[PDB]
Enquirer: 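Can you keep this structure in mind? I'll have questions shortly.
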Amino acid sequence: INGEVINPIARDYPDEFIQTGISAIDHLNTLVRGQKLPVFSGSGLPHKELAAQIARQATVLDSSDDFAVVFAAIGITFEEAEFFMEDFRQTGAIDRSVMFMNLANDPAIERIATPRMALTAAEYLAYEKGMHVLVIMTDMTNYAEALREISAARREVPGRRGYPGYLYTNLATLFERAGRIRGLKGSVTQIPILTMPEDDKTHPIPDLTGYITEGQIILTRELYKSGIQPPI
Amino acid sequence: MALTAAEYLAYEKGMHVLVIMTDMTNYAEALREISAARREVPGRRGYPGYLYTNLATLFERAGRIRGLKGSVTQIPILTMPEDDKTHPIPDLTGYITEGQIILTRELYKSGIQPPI
Amino acid sequence: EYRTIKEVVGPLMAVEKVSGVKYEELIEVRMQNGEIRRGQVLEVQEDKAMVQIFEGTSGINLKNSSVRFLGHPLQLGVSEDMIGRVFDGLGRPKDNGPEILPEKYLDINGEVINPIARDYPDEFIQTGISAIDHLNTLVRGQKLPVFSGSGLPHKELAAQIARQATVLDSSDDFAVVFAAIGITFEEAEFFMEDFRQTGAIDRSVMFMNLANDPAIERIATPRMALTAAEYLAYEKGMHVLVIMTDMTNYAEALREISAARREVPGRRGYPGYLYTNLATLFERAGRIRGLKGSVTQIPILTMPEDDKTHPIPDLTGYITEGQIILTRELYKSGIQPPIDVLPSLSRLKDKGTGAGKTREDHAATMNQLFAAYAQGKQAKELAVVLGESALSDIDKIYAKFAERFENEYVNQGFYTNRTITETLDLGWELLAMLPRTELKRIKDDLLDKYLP
Amino acid sequence: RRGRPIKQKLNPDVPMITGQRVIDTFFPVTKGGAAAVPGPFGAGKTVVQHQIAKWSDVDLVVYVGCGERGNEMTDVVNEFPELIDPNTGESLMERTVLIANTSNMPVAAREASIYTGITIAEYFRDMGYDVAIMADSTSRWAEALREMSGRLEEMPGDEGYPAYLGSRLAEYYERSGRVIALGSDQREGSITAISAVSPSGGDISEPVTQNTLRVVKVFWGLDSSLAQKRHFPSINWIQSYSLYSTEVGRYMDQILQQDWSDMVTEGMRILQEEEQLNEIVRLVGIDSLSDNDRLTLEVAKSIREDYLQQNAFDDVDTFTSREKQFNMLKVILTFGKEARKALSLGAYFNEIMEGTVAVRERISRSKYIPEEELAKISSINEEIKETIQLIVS
Amino acid sequence: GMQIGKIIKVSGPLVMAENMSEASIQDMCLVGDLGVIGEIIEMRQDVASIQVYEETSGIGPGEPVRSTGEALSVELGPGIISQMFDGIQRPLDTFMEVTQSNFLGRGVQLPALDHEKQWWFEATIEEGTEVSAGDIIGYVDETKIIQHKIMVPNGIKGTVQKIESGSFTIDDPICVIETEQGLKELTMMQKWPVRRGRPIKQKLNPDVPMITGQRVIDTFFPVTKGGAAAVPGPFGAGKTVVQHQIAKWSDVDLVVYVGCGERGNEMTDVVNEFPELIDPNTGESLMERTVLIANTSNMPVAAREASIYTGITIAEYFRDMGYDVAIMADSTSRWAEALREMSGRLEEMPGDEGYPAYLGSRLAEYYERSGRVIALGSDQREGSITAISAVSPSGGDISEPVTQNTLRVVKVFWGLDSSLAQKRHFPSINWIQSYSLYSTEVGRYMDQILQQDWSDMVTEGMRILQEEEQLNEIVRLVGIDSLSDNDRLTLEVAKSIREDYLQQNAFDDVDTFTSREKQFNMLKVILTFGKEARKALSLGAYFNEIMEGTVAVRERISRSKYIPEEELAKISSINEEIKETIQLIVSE
Amino acid sequence: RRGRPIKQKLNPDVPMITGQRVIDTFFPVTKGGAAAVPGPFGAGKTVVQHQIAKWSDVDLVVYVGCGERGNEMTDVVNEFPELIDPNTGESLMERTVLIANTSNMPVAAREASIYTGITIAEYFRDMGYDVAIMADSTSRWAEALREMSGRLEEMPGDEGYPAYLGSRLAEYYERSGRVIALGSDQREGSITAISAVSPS
Amino acid sequence: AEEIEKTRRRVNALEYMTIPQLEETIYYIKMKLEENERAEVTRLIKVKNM
Ligand SMILES: [Cl-]
């Protein structure tokens, strides 16, 4: 489930427009097939509803062959996991999807395994079966906290702000398992979702993620308190 | 020592006792000296992780008991380091005690007595 | 010679099965490939010695390398033949000059002057810069630093003082020791070319340490320079001016070395012993009772974020005897040098001014010029916030005074040398703008005699 | 330490009636939900939790005094038997279980009190009951873990807390919830978790609060500034949130047959607008404020003082029914709406305020109107519209 | 040939191995049976502590550790040009070809260069000649543009005994040297550790201006051959276009491009667009004289840290031949992120913002390796390395550690501005925030080579731009119609400098490059109009009369940038038209 | 390191005459009192303490140069003998004890100089004299403690200073004060502490 | 004239009081945050060796 690193010269450039059905994205911050475009959210912000909506509505114009969606839930509450599972079933989106559901009370080592299981499934469907795959993963912050737990068990001294020094390598290895590959029909598109602790964009988790991903969609409390849905 | 004397006079000798202890900050500093000497894993500001518990073992020694005539009323006094209420000493004390009376330099300089 | 290197962890190395090894003793590592690196004992315990290698431990094979303990700390081989010569941070020749034959070798830490043997700083050093010589006088034996910032012309000011500095009525006993610390090749080249072009090199000893040189060499640099200065001053009887830049690079190197040893960081990340460390440099300045000669220091530093409360200028100010401040406001006005005399101070200036040293009207005009300029600047700021009609007729005169003071007095150019006589006369010209009734800091005897 | 097994976990969609206006309206909790109340010392966290314990429509209350003051446990055993449900005749104590491990009682027993409480709640949940478990405070539980971690000399996480702190908290809250219990009957039961948190200095970025907010769904952030001006409950309406707002809004719309969701959205929007206006006023002054902005501040002031502020010690104000809540909020919004129209009709802010002193006093005292006399609140809407129209002409 | 170690502990990215006493500190190693990339960080007795820069999952005690017997090095010889490597010089093209996959398999070791390709070696030195490091014994015509010169390696000194032209691989002995240690054979390939600077005879001052052909740079913010420049790279500021312009138009012989640790899809763009760049002189691909380093964010942290070092070692190699090299790194912020990661993995005392305390030194080590030099050898030839480095802080703030330490050791700053890009001002270089500390020396050079007062013109040009900033504040407040005629004129001359000079279309066939001679003529006429019109104002003319009278000639000035290099008189003759037109205006 | 024993401390209620207007009028110190002088660099701390040394109505001055400039110690030895009392014809140096451990002298000896000084002050206090003890600067004493704390590998407290910083300072100042000294005489004496602080 | 003066006071309040107080506090907090981060890693290194 670790995968192999893609040769930087073997990657093909993102070309095809993905219609998420959300104006603030499609028009102003367009998602392109093969991109990694994350949502930066926060506690009490509706990234849950946005994740469900994107997975539900995302499509490529024409093509006929549609999106296979790999959905990874990392360290979330049962109530949130049940929302996702029930939304996927009630809309028929489950017929397009593969879901890997990990809960908050599951072991830290299972939370760490989850994104790797999901991305291994995605690369298999995409690069071996020729499918176009959209990968949505929440909450990446839960993944990072799981790393700290294992790191502390090995008595490793933390890096910046309490996280492992190798956090960058770790996040980069996950997020770069994406994109088109020259000569291959299928592709992987990633939408990682994370909550920014205390809504701080300089925090290691969103800060390093932005260095790796090609942009970010930001949700704010000001817009949400004003009733804007989605509060982008 | 003082609280053992107080609870004795109150609950075994039926007295109403008023306990005044100053400066509680000097107590916490002593705790930190021992904690540092033992090379214990430090908490905030070098203060031990058990500072709240330790302060609670003192301040909770107050009140009344059903069927007994006596009582223990406590007025601990502490100076807030750097006049900072969020410092571990006044912060944790505030989570334990039943309120607090705060004196400020601003009111003191304006001639307010007491500068509460 | 020991072949018992036991551990290497980063730049740190542990050598076992040793005897007679001392704290701070210099060591020599003969690598398996014949390469030679020097180091220093940081700590010695029983049969073990903890050493740090100046050039690092990259490429070292433990079992096939050997360590020699030299039996002495870091030293400088001193001679009077150092004048006119260029050395690196560790005192090695940098100018392709002839062989240097040392009279003796000296521990670069030097010794501490007995407080009772120390002589108070005394007598005038003419820098040729009006804002310094008159208002913030440099005295023989004084430590008087320049506080600057990134992009400010402290390197032009350093080179100007270095070639212009002199003592009056005393020939062939003045020398300059110039220490460059952690500076780039191109700024080193600026200094080298300027000294050679003006002939300042002929009375100077230069120690040139670069930005890509080992951090330990960068911190050895000022001690090499000061060791050379003390030898020339106290053993040869010379008046020596020591100019060192950039002290901010020195402190950064110190912090880098401190972090390598994983010491507990102090305020803003700098070592807890930053003050003490700076003091062991700056206190080598002074005079000694009964000895001819003196060491005078001008440390030059850039204030990070132009912040004077930053540990580097702050701790320096707690050590030195005043400070010369360069500002962007004056630099953007084209004032050369851009010295702001309002926050600048020399604490020992009294010992280098007056009759027999400069001239009898030195102190009075200084007090008056400073007072008039402060009032002039105050009136200028009043015109900014409330308008020109907010000033009285006298306030307008003082405002005009502060303009000419900056434009004609403080501003002289980086290649113009003013004698103290020229500086004092020029001060009287500016004072003449003001009504004689407003010159309240000067007694009538001085006014009647000098006022033009 | 073992969760009692269930058949099925369910979605908690039925809102809890706490009778506390700020909670039930803006940051509601459902039966089976989980809420945290993090606040600085002296912010009134105790009164908040006692109000919920005494007024919530659950069958049973498990109250856990975890590492807190002894007198608060004494207060509960004395007050609870005196609180009589008139529809029942039974006291609150006859539906309460108390677990007490005070701050000066053994430290390791703080963790035990937490687990003792949740297991008892699960036991009654399995019978088909709706249970609320109050943990005050979970910070003291976390500090017990930290002290033991330090004694084991483990590599600590932030602030000395063990790195597995988040996992421990997760195991507790995932035991709360609405379920179908084991048995042929397939009985439905639930556990609603209400936990106090005590962040040092009120800093919610500390590990206990942060790890808690990743697993709970309602955040009632207590505010020191509100507490100092005696604004109670001192819930920060800008910081706080409830993930149940949308679902509860749907439920309430259906119950009331009113656009309750819109009213709450509009109420919060006015409060958010006041916040943005105050950012300017503080660093500029109320000098250049237009009549519309001045009206916004007045409406927001009315929301704060006439609705959000609620005195737990007043016999009538201590509890507000859903219908009374609806009528109070309706009245407040109505004044804003009618005043807004008058401004567009050429009336001045100063005139509108001076001519509506009597009616705005009726709004300010709506909170004290008896539940049997709700017609005295609803009638205000007609006085607002009549009075303001008279000002226009 | 040294002892193979045995793993005794695997703990995350950290591996311990005994039997390592024959290895050295900083040695690169292959860890485990798979043989993944690692490095020796510590040594206690025979026990080495190793940082592993790939996944250690599946590795356990008992497995071998093999040292490579050297610190991270590069292969330097024929076959290096036109190739794309990663930070540790893995041949990315060869990896595709050999492994027949799109992945960089863990454990796969392939030589950086092609050791089987036949090259024609042409001998240029006679037998019996005394040689030392740097001396050229022959050359290989490696690409259609670049001639690869075969130099005597460092450490070798003696007499040439046998040498002749012929076909060889880079592993064949092409030369026999009689050294002190006896007869030794040389090949066309030499190795060099990336962290050690290649030795030179003497470092010189970089005082000759680079000709980039980009007007804002060459005129107002010039970099010299051997100089260094920092360039912030905010999104949508046209950074890559500026980079491409500099890479193909600058008068250097070779370009080394370094992608430090970039977003996967952004790195792909560079991989795509760079070979599509055409060499202006030959019409060949720019790759014919380019070496490119491409790291994505998921490359080993060692490759991301070594990126700029691997690149500058290669630059030094071609510099030693007597070539002028441009090393272009993007982004050095991502290089520093690798240093920050390593600092945490080594459990150091951190410097500012988590960066190592030696961040400043590492930057100084890199930039001081660029420069103009006298290379080793009896020729005493000159070469140079000019460094162009992108920085990209999180918020675009300069005061952060990476940009701040960089600006302490470089003398040129080109401040790309996204607000200027939004105003369609390209290239988006902020002429107020930017600077070049080479301006004064370049000015002396230019005045001499042009025999004109070029430096006076540049400073006057900047002065008008500086005054424009002040005047714009007044226009915003008071209004344009309330300015004096002199101020209205200054705004027009400043507008002409911005529009007719600073703004430059990289995609226009003529405007893409402006010769030094053409730049002079363009700035001359723009300033001459300002001079003549101001002389007209002081002779009694009105500002609007001057504007309304000079519509035709001002348009000639506006089209000056499109005048072909063969017809420079059509710009120069505008001067006479200005003086004549305004003369009639003063009359009428 | 051990305070010299006394009968009992007394309230310091008699103001010292420093002759410095701002001090005697608005911020007076009493005989047996203690005064802190914290300031930034270049604020005239040395002129202030020298003024107090030469003009205060005490029998003896103990002046401790703790971790500071050598020139300031040189200034004292040069100037103090020249300051002649008009009444008795004695110089200030004839009632002064000087202790000097400059900034570049051994760091641990900074702590030593502090205790050497206060103990000599207690000695003359025991004779029934009024003594002033000037410590410049106590910040450098604390730095010494911090250096040693690091060498001992102690857990750092506030700003890297050892956890016992506060109690060391408290113990020092509690050795100042007005006392009844030991002896059947029951004579009174005092130590007034004037300490510079140099906060970054 | 009165409106000009009332505007002037609001300008001076921001320029000489409000803004400098914000600038100095931001600088201070930023410094204090960094200090605590260093003290935290210092403790972790100590705990590590335990
Ligand atoms: Cl001072």
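Both backbone and side-chain heavy atoms feed into the values below; hydrogens, waters and symmetry mates do not. Just so it is clear: chains get the letters A, B, ... in the order the sequence lines come, proteins before strands, and each one is counted from 1.
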Enquirer: For each of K48(A), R154(A), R148(A), tally heavy-atom pairs with chain D at distances under 4.5 Å, and name the one with the top tally.
Expert: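 The option with the most such pairs is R148(A).
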
Enquirer: Count the heavy atoms belonging to other residues, nucleotides or ligands that lie under 6.0 Å from CD1 of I109(A), then report whether that count exceeds 12.
Expert: no

Enquirer: What I'd like to find out is whether the side chain of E79(A) reaches to under 4.5 Å of the side chain of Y244(D), using heavy atoms alone.
Expert: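 Of all side-chain heavy-atom pairs linking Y244(D) with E79(A), at least one is under 4.5 Å.
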
Enquirer: Calculate, to the nearest 0.5 Å, the distance between atoms OH and CD belonging to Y224(A) and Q272(D) respectively.
Expert: 13.0 Å

Enquirer: Say you draw a straight line from CG of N105(A) to CG of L169(D); how long is it, rounded to the nearest 0.5 Å?
Expert: 12.5 Å

Enquirer: I need the full list of salt bridge (charged side-chain N to carboxylate O under 4.0 Å, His left out) pairs touching residues 211-231 of chain A, with sequence neighbours left out, sorted by first then second residue.
Expert: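 Listed by first then second residue: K36(A)-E214(A), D199(A)-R221(A).
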
Enquirer: Are any side-chain N or O atoms of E174(D) and backbone N or O atoms of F78(A), one a donor and one an acceptor, separated by less than 3.5 Å?
Expert: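 Flag set: sc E174(D) to bb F78(A) pair under 3.5 Å.
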
Enquirer: Using a cut-off of 6.0 Å, state whether more than 12 heavy atoms not belonging to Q8(D) lie near its atom CD.
Expert: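 No, because the 6.0 Å sphere around CD of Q8(D) holds 12 heavy atoms or fewer from other groups.
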
Enquirer: Tell me, out of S242(D), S167(D), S205(D), who's got the most heavy-atom pairs with chain A below 4.5 Å.
Expert: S167(D)

Enquirer: Which bit of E82(A) is near chain D, if near means a heavy-atom gap under 4.5 Å: side chain, backbone, both or neither?
Expert: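 The answer is neither part of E82(A).
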
Enquirer: Please flag which part of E275(D) lies under 4.5 Å from any non-hydrogen atom of chain A: side chain, backbone, both or neither.
Expert: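 Interface part for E275(D): neither.
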
Enquirer: Pull out the residues in residues 208-221 of chain D that come under 4.5 Å of chain A, heavy atom to heavy atom, sorted by number.
Expert: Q210(D), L213(D), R214(D), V215(D), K217(D)

Enquirer: Under 6.0 Å from the CG atom of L283(D), do we count more than 12 heavy atoms belonging to anything else shown?
Expert: yes

Enquirer: With a 4.5 Å cut-off on heavy-atom pairs, point out which of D200(A), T195(A), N142(A) contacts chain D the most.
Expert: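 The residue among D200(A), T195(A), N142(A) with the greatest pair count is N142(A).
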
Enquirer: Does CE belonging to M117(A) count more than 12 external heavy atoms closer than 6.0 Å?
Expert: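 Not buried by this count: 12 neighbours or fewer within 6.0 Å.
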
Enquirer: Give the member of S43(A), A104(A), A152(A), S226(A) that has the highest number of heavy-atom pairs under 4.5 Å with chain D.
Expert: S43(A)

Enquirer: Tell me the closest heavy-atom pair linking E156(A) and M155(D), and the distance in Å.
Expert: O-CG, 4.2 Å

